[PDB]
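Just so you know, these numbers use all the heavy atoms, side chains as well, and skip hydrogens, waters and symmetry mates. Reminder, nothing fancy here: chain letters follow the sequence lines and each chain counts from 1.
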Amino acid sequence: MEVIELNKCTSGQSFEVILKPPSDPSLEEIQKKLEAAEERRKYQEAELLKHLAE
Amino acid sequence: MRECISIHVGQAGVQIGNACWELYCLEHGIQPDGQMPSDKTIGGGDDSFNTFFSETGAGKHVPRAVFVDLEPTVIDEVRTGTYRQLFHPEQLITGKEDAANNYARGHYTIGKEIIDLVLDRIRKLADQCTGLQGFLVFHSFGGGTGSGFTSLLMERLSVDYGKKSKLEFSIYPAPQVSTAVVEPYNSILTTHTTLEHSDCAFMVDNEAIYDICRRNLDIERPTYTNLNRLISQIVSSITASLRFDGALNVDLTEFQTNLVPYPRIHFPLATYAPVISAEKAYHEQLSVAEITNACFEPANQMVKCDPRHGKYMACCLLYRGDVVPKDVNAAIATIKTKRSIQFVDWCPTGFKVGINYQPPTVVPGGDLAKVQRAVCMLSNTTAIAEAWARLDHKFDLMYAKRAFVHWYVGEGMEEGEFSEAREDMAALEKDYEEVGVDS
Amino acid sequence: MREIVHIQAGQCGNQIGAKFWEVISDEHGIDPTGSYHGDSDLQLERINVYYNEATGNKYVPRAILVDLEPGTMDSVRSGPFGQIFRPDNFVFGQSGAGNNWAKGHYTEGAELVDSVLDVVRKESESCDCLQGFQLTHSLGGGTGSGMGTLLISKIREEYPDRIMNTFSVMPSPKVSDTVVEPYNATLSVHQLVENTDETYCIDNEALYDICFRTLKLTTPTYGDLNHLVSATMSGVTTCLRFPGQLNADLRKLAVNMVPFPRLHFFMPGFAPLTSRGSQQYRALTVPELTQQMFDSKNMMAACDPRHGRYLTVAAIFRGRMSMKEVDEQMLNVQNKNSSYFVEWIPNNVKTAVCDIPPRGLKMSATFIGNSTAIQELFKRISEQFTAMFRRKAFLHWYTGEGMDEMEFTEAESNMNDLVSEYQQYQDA
Amino acid sequence: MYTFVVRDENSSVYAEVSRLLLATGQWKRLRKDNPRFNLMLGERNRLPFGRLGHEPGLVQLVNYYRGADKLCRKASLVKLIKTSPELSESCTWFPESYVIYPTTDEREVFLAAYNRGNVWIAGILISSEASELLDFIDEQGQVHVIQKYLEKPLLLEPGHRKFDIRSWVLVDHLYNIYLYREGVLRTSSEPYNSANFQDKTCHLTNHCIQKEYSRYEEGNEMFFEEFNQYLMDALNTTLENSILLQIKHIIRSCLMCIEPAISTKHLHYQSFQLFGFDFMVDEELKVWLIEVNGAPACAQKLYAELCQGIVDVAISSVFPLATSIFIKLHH
Ligand SMILES: CC[C@]1(O)C[C@@H]2CN(CCc3c([nH]c4ccccc34)[C@@](C(=O)OC)(c3cc4c(cc3OC)N(C)[C@H]3[C@@](O)(C(=O)OC)[C@H](OC(C)=O)[C@]5(CC)C=CCN6CC[C@]43[C@@H]65)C2)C1
Ligand SMILES: Nc1nc2c(ncn2[C@@H]2O[C@H](COP(=O)(O)OP(=O)(O)OP(=O)(O)O)[C@@H](O)[C@H]2O)c(=O)[nH]1
Ligand SMILES: Nc1nc2c(ncn2[C@@H]2O[C@H](COP(=O)(O)OP(=O)(O)O)[C@@H](O)[C@H]2O)c(=O)[nH]1
Ligand SMILES: [Ca+2]
Ligand SMILES: [Mg+2]
Ligand SMILES: [Mg+2]
């Protein structure tokens, strides 16, 4: 219906065509999560080596 | 002029990246050894294409890109490929063992041993920028590395580059070419963790690309090479405005402005036409009206869904080749009567349009026929939520029995990150629902 | 290079071990002296997964040979591929284990285990990126069984973050008549439940049925049985040894096949079924391959799949054939018998194709199933066990080696727990 | 062997249809949330269409059309007829109607054409004085709609009694529109009172409400045989000429109106659906559309034939096995 903001150049053209109107964590906190997960991973292995020791 | 850095993560991201970078070279006339005869300013520039390529005093145009994978096999191909001279060794990063299709292993366990290296390589490219706009990030949802490392990286990038834009190209899992029963797990985990850090993500369902390849290209059993050449065409269409002279979508920020009113709803549907077999003994060349109308066929979407049963919040048409505004405007009013195209009330029913006269470049010996004109539509429709519904239902089926959960917990993840991630997706489904309910 | 270390223990372990190495050496174009003589570079691409490379461009199997008696060790040495193995990797005793788990696991075995571990350590410290281990052994005897599971516990202790995989031959009174085998098997299953990531259940009961009923071998030998074992072992390791997208390493396979830690005992299957020397005339169609590989008669574990449900399946097709037709025929099986795959693990069937066929065959297919029907195997052993144990029969052979009967009560309990746990998921 | 699932156990029609499928020996029923089905007989509400058509190696078909609700809710139908140019405010065959919310609608323009024969309808109630009914809705919590009640209905004799006509229509995956040659008149058993309206007895025709507050024909159901005979003897016309042509027209119009919005022609799954249209015939043998039901029940005598026709035309055309009872409405 209505054409707007027609930009031309040697490469091509752009425009907008309207048919109708309307009607975050820190580097510190990230370390804390990674270290903790790695803590559980280490605890889990410890338990295992321990069971294998019995 | 403002630079963008591309980051290719895991196997999917890397192989797609090679497709795109190969296609970029053919479009700008950059040879495999990095020489670009057309470029008359040697050793430097602020031309539009310099947004993706830096230059050396020897005339080498090298991509502003980093490739990252926890296993070396795939990137090794790049290291020895036909474009081996294009990249310098520092931007190709690999590990020894991969994430074994395990998000927890990609994020926590194996990720932590390589994140600071990757960021240091990324820092190096960034420092070579006079005006970095942000990042384009390529990865799969389903792989351990594509899902786990990526969400690690994305978070760190927000910390070290708080003001830069981050765009995503995301491969969404399809059984026909998928490699782990656990991909819905990985998909929901990474989506949950990456969501606040991504400004705009283009999702590609391998299922959709597989079938376009089967049906339109006559490929009986599509390979990754087939899928990826098609994907790079779409990616190229989307990034063309960054690499060429123009006035639409000229910077990363404008993608969000034009396509993303709601931050969390940042997943535009891409539709591409036309896709024609090169083995086809000539196809009657399609008109502006015809390729424009094809944009509203589910069968040409990067995600199978039904935009009729949703609403639009924004819509961009990107044309390449023999196109002038009059034929476009005349293709649109026709379509607007033939089809049910409903924008949300607080939105103008309208299209931002961009024409680039260079018709699509195809890879020589590829499956795609050359065409005098093509178009990629980017439409932010609520209908894309159908893919979240699918993904989440598969997650629920397995998670209820805790199937496979021990593999993640054994890597140091807690069960709680599963439920938390699913709850976030439940909220995301409800947001789409709110936005698209006149009926 | 993502290396695998291979260990073979006891008589059965070494005999199927040797035949495995003979079969895959041929597929990779390696000869008895360790020299390459193949066409495809496809054969050499992942050759380092199983083979070490020296100067002289020789390939030496990353394989350790273990036994408590010299017998089968000499047998391997004079065997066709006897000369390829690292001589220092032959580790053996003089006592034997007398078909007695306690001797393998606690007395005779303990005396030999450390020198085995030295050779493991040598092979492992040599690897760029060690995947983990695979062991061949039987569960009915003493050395593969008792010492075999001791090795697994010690190896896990030194390498807790590597994958442990076994090919475990289950005893059957159709093939042997040593009365304590159900004792040795139960003691070993308890171990395997706790200490392996993946176990292929190779059931001498099923090997016997195939040989006698299906292949019409009226005097079957261990040679016949092992013909099936080696074919199956080539099949299930195809994705480790050739370029490929699916289950390409031991951990990715475990993540695709193991939804619950304890439920990691697989039913292998193979098609076509053949006798040695039974020359192949007509290659099967893709359809035939698919129907057969899922047929109860082609399973290497004596369990009726229709009596349970599949949690996970891997299917590997080999030979030149339509990838489209393979996809079509695999979807057909799932779409046609969909009640036999659990609904709460979507797309739980995965399919691989490798262009290189196996020796003598133009077309083959290997099935790996995680079926709740494997409970029948463990139930079978369990009844045999309890028939004796409730009267403490033959126990003195074990108590004489220092074991208490409480340790028998526990193995029996653990195995019955395992069975009921399969039963949980069969219903669900 | 074709597979299907059942997700609506309450439906009597698709109860029979599943019965008919299993009896063929080429269908088998799965557990409700088994995904590997060819056919879904879906739930009445919140059917997960988004999950259909993503099963490799399965052609999938479902017994509902996504978006057809816009024709099968009263509010939605008024809205669809007033704002759809194919149907237009120039729509001779739908009674004047307004959507009203209990305090984006038109509660206002309702009274505007009022104060210009004023009798209207709104758990229901009729009246001529607007002010009161607008409180009836206000009390209730659902969006109610109001239309002119039909002052002068066609009244059957003997009895001086009013009725409504229910027609069954099947739309298949190709969007062929099929009218079942058998419809039914749901009759009032007791005579028609023009005076005081607010008595829900001889004005409401629906079945259950007449097995309660209420001889001539069995179950107050008169079939096409009978009613056609009556029209010939008392009015000297046929059912076909004086009525069915108007009914065939309205059906065509409604379902062609929404075709662009719900057609599954180029979709990754296919739909069919059974609708129950309800009409009124007035004194001048003029036909009126009352409502479109998306989950209709069938008359007892007819289940066997209709449900059989569903398997023949809707299901087996997509899934072949080893005169016609429908009238194809062409377009
Ligand atoms: C594959 C390994 C194998 O060769 C398999 C069988 C057994 N052995 C050793 C070789 C052997 C066999 N038979 C022998 C007789 C004397 C000496 C040696 C043998 C063998 C065979 O080839 O038969 C022609 C065989 C053996 C058996 C055998 C089958 C068989 O080959 C066909 N069995 C099924 C059992 C057996 O117990 C049985 O039939 O179960 C009801 C069977 O009993 C009867 C009534 O025949 C029998 C026969 C000696 C008796 C007692 C216990 N054992 C346990 C296994 C079983 C056997 C074949 C090892
Ligand atoms: N389109 C396309 N999809 C791919 C490609 N490679 C893998 N995929 C898909 O991505 C998912 C697998 O994840 P990958 O990217 O391969 O895994 P990864 O990121 O390397 O992570 P790990 O291997 O577990 O360490 C599956 O859904 C695949 O089908 C590719 O080259 N192209
Ligand atoms: N399939 C197969 N089974 C064997 C072989 N040798 C022995 N067995 C079985 O293994 C069990 C005997 O254990 P064995 O390996 O001989 O004892 P070990 O030497 O102490 O480990 C019995 O179930 C035998 O039937 C063989 O070569 N092949
Ligand atoms: Ca320049
Ligand atoms: Mg990879
Ligand atoms: Mg022996």
Which bit of [X] is near chain A, if near means a heavy-atom gap under 4.5 Å: side chain, backbone, both or neither?
{"X": "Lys352(B)", "answer": "both"}
{"X": "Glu414(B)", "answer": "both"}
{"X": "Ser241(B)", "answer": "neither"}
{"X": "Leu317(B)", "answer": "neither"}

Quiz prompt | Among the listed options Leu318(B), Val159(B), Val409(B), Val353(B), the residue most often paired with chain A at heavy-atom distances under 4.5 Å | solution =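 Looking at each option in turn, the highest pair count goes to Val353(B).
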Practice problem: Give the member of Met413(B), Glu417(B), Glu411(B) that has the highest number of heavy-atom pairs under 4.5 Å with chain A. | Solution: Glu411(B)
Is it the case that over 12 heavy atoms from other parts of the model lie below 6.0 angstrom from the [atom1] atom of [X]?
{"X": "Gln372(B)", "atom1": "CD", "result": "yes"}
{"X": "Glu415(B)", "atom1": "CD", "result": "yes"}
{"X": "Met1(B)", "atom1": "CE", "result": "yes"}

Quiz item: Mind checking whether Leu248(B) and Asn7(A) have side chains closer than 4.5 Å, heavy atoms only?
Solution: no
Quiz item: Are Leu34(A) and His107(B) close enough that some pair of their side-chain heavy atoms sits under 4.5 Å apart?
Solution: yes
Identify which part of [X] has an atom lying under 4.5 Å from any heavy atom of chain B, answering side chain, backbone, both or neither.
{"X": "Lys33(A)", "value": "backbone"}
{"X": "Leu6(A)", "value": "side chain"}
{"X": "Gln13(A)", "value": "both"}
{"X": "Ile18(A)", "value": "both"}

Quiz item: chain A contacts: which residues in residues 340-351 of chain B have a non-hydrogen atom closer than 4.5 Å to it?
Solution: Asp345(B), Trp346(B), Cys347(B), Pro348(B), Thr349(B), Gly350(B), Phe351(B)
Quiz: residues 320-336 of chain B side-chain donor-acceptor pairs under 3.5 angstrom, not counting sequence neighbours:
{"from": "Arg320(B)", "atom 1": "NH1", "to": "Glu27(B)", "atom 2": "OE2", "distance (Å)": "3.2"}
{"from": "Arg320(B)", "atom 1": "NH1", "to": "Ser236(B)", "atom 2": "OG", "distance (Å)": "2.8"}
{"from": "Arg320(B)", "atom 1": "NH2", "to": "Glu27(B)", "atom 2": "OE1", "distance (Å)": "3.1"}
{"from": "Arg320(B)", "atom 1": "NH2", "to": "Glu27(B)", "atom 2": "OE2", "distance (Å)": "3.1"}
{"from": "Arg320(B)", "atom 1": "NH2", "to": "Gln358(B)", "atom 2": "OE1", "distance (Å)": "3.4"}
{"from": "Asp322(B)", "atom 1": "OD2", "to": "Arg373(B)", "atom 2": "NH2", "distance (Å)": "2.7"}
{"from": "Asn329(B)", "atom 1": "ND2", "to": "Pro325(B)", "atom 2": "O", "distance (Å)": "3.3"}
{"from": "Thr334(B)", "atom 1": "OG1", "to": "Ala330(B)", "atom 2": "O", "distance (Å)": "3.0"}

Practice problem: Please report the shortest heavy-atom distance between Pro25(A) and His197(B), naming the atom on each side. | Solution: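 Closest heavy-atom pair between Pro25(A) and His197(B): CD-CE1, 3.9 Å.
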Exercise. Determine the minimum heavy-atom distance between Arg41(A) and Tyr108(B), stating which atoms define it.
Key: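 For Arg41(A) and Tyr108(B), the tightest heavy-atom pair comes out as NH1-CB, 3.9 Å.
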Exercise. For each of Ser14(A), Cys9(A), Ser11(A), tally heavy-atom pairs with chain B at distances under 4.5 Å, and name the one with the top tally.
Key: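 Result: the option with the highest number of such pairs is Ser11(A).
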